[PDB]
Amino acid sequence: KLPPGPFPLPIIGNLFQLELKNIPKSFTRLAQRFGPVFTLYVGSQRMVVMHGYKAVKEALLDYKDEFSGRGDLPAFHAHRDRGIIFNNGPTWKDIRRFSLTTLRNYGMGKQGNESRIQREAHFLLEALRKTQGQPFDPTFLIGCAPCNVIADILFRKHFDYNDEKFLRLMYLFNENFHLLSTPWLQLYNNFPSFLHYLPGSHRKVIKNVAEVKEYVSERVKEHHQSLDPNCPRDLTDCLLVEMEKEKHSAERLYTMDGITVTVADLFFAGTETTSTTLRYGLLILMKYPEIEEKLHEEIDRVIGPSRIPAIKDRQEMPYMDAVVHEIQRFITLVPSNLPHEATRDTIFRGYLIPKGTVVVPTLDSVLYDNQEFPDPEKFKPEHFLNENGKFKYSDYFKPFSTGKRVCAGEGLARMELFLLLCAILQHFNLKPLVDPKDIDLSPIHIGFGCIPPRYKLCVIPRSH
């Protein structure tokens, strides 16, 4: 027997039970009705949804290997079963393991992630000053910071903030994440063959993915022509070197195409989610100026107005720590996670879950638990503050997921969020164009991601 769920119709399945523009809300509605594990058909693809901390944790932690597969995502068919993110094949385990180890090597030491982020803060602060306290759209300014950070690890390359190629890549990342959060792409994701050769915004996503891949492909090729296996320059070099070291084996983990997919995965994933979180963070703080003020107080007391922020500052800045945690919790940036897949026939809570079934370990339902976070729908730093006014740790903080497919750059992202928000607020006050009271924090699109409203602001200097 399958987990309980709604009776499906011919062709469309349970499409009437879903609001295309807010799938996460529909999951939640279905959870009250059927419980923390339920079956759904969207089209002819059967899925099982986990909802709530217990179900999600059990799925990812007690059934590690059973649900460690990756569900298909037609828009990213040019990556399927290659690289990391969209890899449901036999190369996933080893490519992931090697990529994690390599990322850790580049993150460790005095030339590590902290220093890399600190250097990049210089350019970020420079760009913010150059706005002269005039209105500007933050989207493609602040996004440069994580984009350059991951580019350094991948290509040992640094872009000027208005390099045309650089802006184009970020534009593509932004459009994709945006469009992948819209009702049309949600329909396409589930009915790809009915919809693919019709007109629609799905074509742009597909075109955009191919364009990022092509750019990464050329970079991989330029690295292969000028390689020195004794002195690795970046992550692509390490992957290229690993490819030569297996040239006489039976089965191959590394293709030139496998590597560009792997690196385009990291490039896209290393840029877009960090950029969106920061951008969403700035909007949030502008709605709550008293929160911005307390942060300004903590920075000036602990770090002072001049010294560059460092990761260990987190340990002496409980309010910033709580705020950075609360931004990630409140926005539920990837609210349905990435789709998992059953690797074999599995019995979960006495329910049959057949091989190939899509498994959805819902994240918003963990981030919005009303027992762990009383008033979950509200932005409150005190969701992460104890009695002593100190940081209050929570296991329900899972915006990166958990288990075998846990976000490959969790540590990078968290250090970026802390250091860069610290840097920004050390040197600037945030000025909204509209009154704080009229700021709407609701996402404008909800799908693969949660998309912030478009806005402009001024940043007014603190330092001179």
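Rigid core: the largest C-alpha set superposing within 1.5 Å between the two forms. The first residue of the shown sequence is 1; numbering continues from there.
Between 244-252 and 93-101, the larger root mean square Cα shift in 5 other deposited structures of this protein, once each structure is superposed on the rigid core, falls on 244-252. Superposing on the core and measuring CA offsets in 5 other deposited structures of this protein, the stretch of 158-166 and 381-389 with the greater mean deviation is 381-389. For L179, the fraction of other compared entries lacking coordinates, among those that model flanking residues, is zero, nowhere near a third. Annotation: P354 does not belong to the positions left without coordinates in a third of the other compared entries; each one with flanking residues models it. Stretches compared: 393-401, 41-49. Higher mean C-alpha B-factor in the entry: 41-49.
Relative to one another, 94-102 and 368-376 have unequal mean CA B-factors, and 94-102 is the one with the higher figure. Note on the listed residues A127, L282, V360, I353: the highest Cα temperature factor in the record is that of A127. Per the deposited coordinates, the residue with the largest Cα temperature factor out of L73, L253, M286, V323 is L253. Per the deposited record, the Cα B-factor of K54 falls in the lowest third when ranked against the other modelled residues of its chain. When the CA B factors of the chain's modelled residues are split into thirds, the value for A31 lands in the middle one. Among all modelled residues in this chain, the alpha-carbon of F177 has a temperature factor (C-alpha) in the lowest third. Ranked within its chain, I331 lands in the lowest third, by CA B factor from the PDB record.
Per the deposited record, the Cα B-factor of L187 falls in the lowest third when ranked against the other modelled residues of its chain.
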